[PDB]
Ligand SMILES: *[C@@H]1O[C@H](CO)[C@@H](O[C@@H]2O[C@H](CO)[C@@H](O[C@@H]3O[C@H](CO)[C@@H](O)[C@H](O)[C@@H]3O)[C@H](O)[C@H]2NC(C)=O)[C@H](O)[C@H]1NC(C)=O
Ligand SMILES: *[C@@H]1O[C@H](CO)[C@@H](O[C@@H]2O[C@H](CO)[C@@H](O)[C@H](O)[C@H]2NC(C)=O)[C@H](O)[C@H]1NC(C)=O
Ligand SMILES: *[C@@H]1O[C@H](CO)[C@@H](O[C@@H]2O[C@H](CO)[C@@H](O)[C@H](O)[C@H]2NC(C)=O)[C@H](O)[C@H]1NC(C)=O
Ligand SMILES: *[C@@H]1O[C@H](CO)[C@@H](O)[C@H](O)[C@H]1NC(C)=O
Ligand SMILES: *[C@H]1O[C@H](CO)[C@@H](O)[C@H](O)[C@H]1NC(C)=O
């Protein structure tokens, strides 16, 4: 039997039955509300498992042998789940927690598979390599959280109410804090949205109207999970701004409490926190992964007829024509839209039949004329014939979905689309089994939530979904829980974590959402990166001499730089309040006139200097000429008529003025040279994404076109009734007796391949799919009003799309950028781009500053008692003792909140005095270390300066007490304390390498972000002239706008992080009533509170693509310096 035990164990069929058993148990777990019948079934499963529990142990047939077998980690899962089932069969008390653990039986899928255990053993390796990075990011987030703790102590909590605190209640009258927190029906709701509008003391925060007073005292943050006080909450908020998830909303709320200035903080953070930390995580994961992969019916009749048709075969000569016919098929299907003319659609079906007959006849002749057995052989022609069969099925909704599948043969004449095909192959091939891990992991968490939250999801529903109904993302089902796990895999958690916490409870909801975020994102990361790696007279001459001496000299250069900077500032003063001061209005008029004159002058000078050949040889000189010609047209239209009708068309192009800056600056021009190097590598990938999105957009047209339109009667703004009030756009007309009802399509939808491309961008950017998916699935019929969830499985479209549309397209994109950039490092005269000659020098000097072989250790004082001082000092003990002292200081610095209690205030002040006393003592002992500690190590000058500064703090506090009290400066006075903790960089060597690498790569990053600043400038003035007077919508508030240049710069800043651009686009794209009405009374001549959809999409899409290219360049600079460190 023991012999029989083994000879059944190694038997393969036994393990395959095990695997199928596991999967069936899985499907029988996934159910919610399990019928009681099914209940008996689970008994059986236990038996099955337990029976092997026999075989496994019985293959050992011995005590020590069976314990050696259990000694394996994977079989521990079997032992545990089987004994759990046994004890549950024995006795129940049962709080239903025991019903959840049955999910881990899924992990047995890992150790039954020959590679799953291998892959998951591979994963834990990269996370252990991620050790130093994890330490740096937690310390960095703690530092920034202390910054934000002292900066925004309860600062978020400010709200606007009606006026209170009137007179002699003594405080209990409104018409103390009790009724004030009871007030929220008094809170000033952010118009058109569900939000209490913040405010602040500063003359920058969100300002309330008449009838409202602004006071910090508020009930709570948005749901208590945002706030910056209570350092744990600040750690959460800075976690999200490290992940940038919904970071725009916290950005808005902060800058509507505190004031716009503090945005510096955010960009600092978003330059350090999100950007840099995430990029390092990327770098280390990729490095460890590449390492791991490196470690790895008559005779003459038959003859004559075969040879006649062979003579036919002698000239196919239709392949390019057939390819054009395929492209014409795709086009013919593409000229499809919402309201198609009758005879139009008749012709379209006509051509449908045309193309079908064409390809069907072609295949019918080819398969018979070349070889039936060969067309049995080559699978390519086989799949062509498959699509033939599918066309036949259509001819003799979804019936169209296959007609597209031919475009892919282009991949043989088009190599990079073959590369996309190889990529999606590796998504199932080389690393494809890795993807199974993802599956399983999703499958685990996909259910681990519902049984923990779904029941709760099912009952406090009024807490999580305001519109009384199921929420848009619940977990009660298993589809919806797959969608939550998916969205979280898409880096968008906290906006559903607030839900999960507001239903059930903080502890477990955290433990599961942080778990899914970290775990699943690490897996998605390893997959992403595995893909990226598997993708691998004489007076004439005299005057000319004067001219060279003029223009080549530093004085003219610096003067022209001063001119161009003043012209850029001129542009910057094109705000909407020019009318507010008349003087500046003619001031800038004369300014512009001087600019035109000096620039045409220097144009002439360059002309005679180089002559037209060397002049128009330069592209930058070409650009300068184009701009100056625009200015010439402008000035002549000013002087000699011909204006005010239609160069008011060429009027705004003046905003491109700063485009002259790139030529003369040493840092912009070089990275711009780099980007023109990326156009030959981005055009092809743009075209690949163009085709590979045209497919999906056609598909969404077939399934979707027209169905999106629903919107509303002008009463509310939210989609109409499915019960109904209206089902039909031809049934709302019977109610349009009053125009209050509007049947409008959603601002971005599938009515073309154009708006299809737009909705596909908004989806695969993840910022603004909400209305897309919602009004996509909810829709049922071609013009049937969307029933609240019907056709619900159409999420499967986006999901499928999203995978490609993000994890391959973007993937492939990044791919070609690397090699190109990689190849750019080869033939370039240098090894790393983005560094000027002087910047190369500076980087080499900064690196030589990284000397690890030290100098002479220390001069002994020879003073006996100073010898004892030395004997206690230069040892490692005193250092780590001081280190624990500074860490206890750290925790002293974490505990504080706002308005804690006066006793706590005094206690913490006294503890600060205690610690600074400690540090003065250490400072005097250090200045007397031997003699020279004040200059032997910069790590000691740091301690000296922080001691003196700490002393300055206490004295400053005393001065504030005795002579005067300031308001926010007081806060800075109490602020520099964080510097103390920074010594850890002295202790920490890993962080001392990482932030050092950041310093190393700060030059190239300065250049790239400088170009970024210039582009923000161009676009911000571009909008200030173009995007003015737009209506307020959800993304475009009162403060983040385009009215001035500051607000424009703040908006375009957030959009520099590809965030919010949905919410800023939606107020632009809109056209016509109700929201947009007779254009506007504008102080400017340009009328309209409305946006221009053409140029709106142009502006925002182009900013996204450009800024995204600059940002990828930033990322690659970071990573290349990272590798050059090691
Ligand atoms: C911006 O900060 C100012 C502080 O200058 C806030 O005004 C002050 O608000 C407090 C209440 O929160 C007032 O205190 C009250 O006055 C009596 C006077 O005897 C005081 O004894 C009590 O403590 C009582 O709470 C304080 O008088 C008031 N200052 C003035 C001159 O009205 C202001 O509310 C802040 N703005 C916002 C947006 O809340
Ligand atoms: C348009 O909406 C109307 C009202 O919802 C529907 O028109 C029909 O509704 C009546 C009432 O039940 C039925 O008797 C007819 O049979 C319906 N028409 C058809 C063609 O079945 C219907 O929902 C929509 N009809 C059209 C043509 O769009
Ligand atoms: C019902 O009909 C009225 C009259 O057309 C609609 O009101 C106008 O809708 C158009 C749509 O572009 C706008 O251009 C006009 O500005 C609207 N007029 C107003 C009120 O100023 C109304 O929208 C229609 N409602 C339905 C049934 O969709
Ligand atoms: C909010 O909207 C109302 C609607 O008329 C408007 O009057 C008010 O100025 C707006 N205020 C803010 C802060 O958006
Ligand atoms: C509210 O009323 C008080 C007292 O009249 C006034 O000082 C304050 O400016 C008002 N604020 C509002 C309603 O904007």
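Neighbour counts run over all protein chains shown; Cβ positions are idealised from the backbone, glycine included. Since every read-out is calculated from the coordinates, none of them should be taken as a lab result.
Could you run through region 209-233 and say how many residues are part of a loop (DSSP other than H, G, I, E, B) and either more than 25 Å from residue 176 (Cα to Cα) or within 16 Å of ligand 5 (Cβ to nearest atom) (or both)? Qualifying residue count, region 209-233: 8. If we scan region 718-725, do we find a residue that is under 29 Å from the mean Cα position of the chain (by Cα), surrounded by fewer than 17 Cβ atoms within 10 Å (Cβ to Cβ), assigned to a loop (DSSP other than H, G, I, E, B) and away from ligand 5 (no atom under 16 Å from the Cβ)? The answer is yes; a qualifying residue exists. Restricting 754, 706 to residues that are buried (at least 19 other Cβ atoms within 10 Å of the Cβ) and out of contact with any strand residue (DSSP E or B) (no Cβ under 7 Å at 6 or more places or on another chain) narrows the list to 706. Out of 1059, 1046, one residue alone is more than 23 Å from residue 572 (Cβ to Cβ) and in contact with a helix residue (DSSP H, G or I) (Cβ under 8 Å, 6 or more places away or on another chain). It is 1059.
Restricting attention to region 183-205, the residues being assigned to a loop (DSSP other than H, G, I, E, B), in contact with a helix residue (DSSP H, G or I) (Cβ under 8 Å, 6 or more places away or on another chain), closer than 13 Å to residue 160 by Cβ and more than 10 Å from ligand 1 (Cβ to nearest atom) number 1. Taken over region 191-205, the criterion of being within 16 Å of ligand 5 (Cβ to nearest atom) and within 19 Å of residue 224 (Cβ to Cβ) is satisfied by 196, 197, 198. On the given criteria, is residue 685 within 28 Å of residue 334 (Cα to Cα), more than 16 Å from ligand 4 (Cβ to nearest atom) and either out of contact with any strand residue (DSSP E or B) (no Cβ under 6 Å at 6 or more places or on another chain) or not in a helix (DSSP H, G or I) (or both)? The answer is yes for residue 685.
Within this structure, residue 144 passes the test of being crowded, with 18+ Cβ neighbours inside 10 Å, at negative phi, more than 16 Å from ligand 1 (Cβ to nearest atom) and within 24 Å of the chain's Cα centre (by Cα). In region 635-649, the count of residues that are within 24 Å of residue 562 (Cα to Cα) and surrounded by 14 or more Cβ atoms within 10 Å (Cβ to Cβ) is one or more. Each residue in region 1062-1109 was checked for being in contact with a helix residue (DSSP H, G or I) (Cβ under 7 Å, 6 or more places away or on another chain), over 30 Å from residue 682 (Cβ atoms) and within 16 Å of ligand 3 (Cβ to nearest atom), and 1 of them qualify.
Taking residue 686, is it away from ligand 2 (no atom under 16 Å from the Cβ), surrounded by fewer than 21 Cβ atoms within 10 Å (Cβ to Cβ), under 30 Å from residue 806 (Cβ atoms) and more than 26 Å from the chain's Cα centre (by Cα)? No, not satisfied.
Only one of the numbered conditions (1) farther than 30 Å from residue 1043 by Cβ; (2) not in a helix (DSSP H, G or I) is violated by residue 574, and that is (1). Filtering 98, 141 for residues that are out of contact with any strand residue (DSSP E or B) (no Cβ under 8 Å at 6 or more places or on another chain) and either in a helix (DSSP H, G or I) or under 30 Å from residue 273 (Cβ atoms) (or both) leaves a single hit, 141.
When residue 155 is tested against the conditions (1) over 30 Å from residue 986 (Cα atoms); (2) away from ligand 4 (no atom under 16 Å from the Cβ); (3) surrounded by fewer than 19 Cβ atoms within 10 Å (Cβ to Cβ), the lone failure is (3). Confirm whether residue 262 is closer than 24 Å to residue 490 by Cβ, buried (at least 17 other Cβ atoms within 10 Å of the Cβ) and more than 16 Å from ligand 5 (Cβ to nearest atom). No: the conditions fail for residue 262. Can residue 1053 be described as part of a helix (DSSP H, G or I), farther than 19 Å from residue 761 by Cβ and more than 16 Å from ligand 3 (Cβ to nearest atom)? Yes, satisfied. Scanning region 169-198 for residues that are under 30 Å from residue 966 (Cα atoms) and more than 10 Å from ligand 4 (Cβ to nearest atom) yields a count of 10. Checking each residue in region 144-182 for being more than 16 Å from ligand 5 (Cβ to nearest atom), over 20 Å from residue 250 (Cβ atoms) and assigned to a helix (DSSP H, G or I) picks out 177, 178, 179, 181, 182.
Among the residues examined, residue 281 qualifies as crowded, with 18+ Cβ neighbours inside 10 Å and either within 30 Å of residue 536 (Cβ to Cβ) or within 16 Å of ligand 3 (Cβ to nearest atom) (or both).
Quick grid of which residues meet (1) surrounded by fewer than 18 Cβ atoms within 10 Å (Cβ to Cβ); (2) touching a strand residue (DSSP E or B) at 6+ places or on another chain (Cβ under 7 Å):
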site: 1038; (1), (2): yes, no
site: 1041; (1), (2): no, no
site: 1054; (1), (2): no, no
site: 1062; (1), (2): no, no
site: 1067; (1), (2): no, yes
site: 1070; (1), (2): no, no
site: 1079; (1), (2): yes, no
site: 1086; (1), (2): yes, no
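Taking the condition part of a helix (DSSP H, G or I) and either buried (at least 18 other Cβ atoms within 10 Å of the Cβ) or away from ligand 1 (no atom under 16 Å from the Cβ) (or both), does residue 236 pass? Taking the combined requirement at face value, the residue satisfies it.
Only one entry of 811, 727 meets the criterion of being more than 16 Å from ligand 1 (Cβ to nearest atom) and in contact with a strand residue (DSSP E or B) (Cβ under 7 Å, 6 or more places away or on another chain), and that entry is 727.
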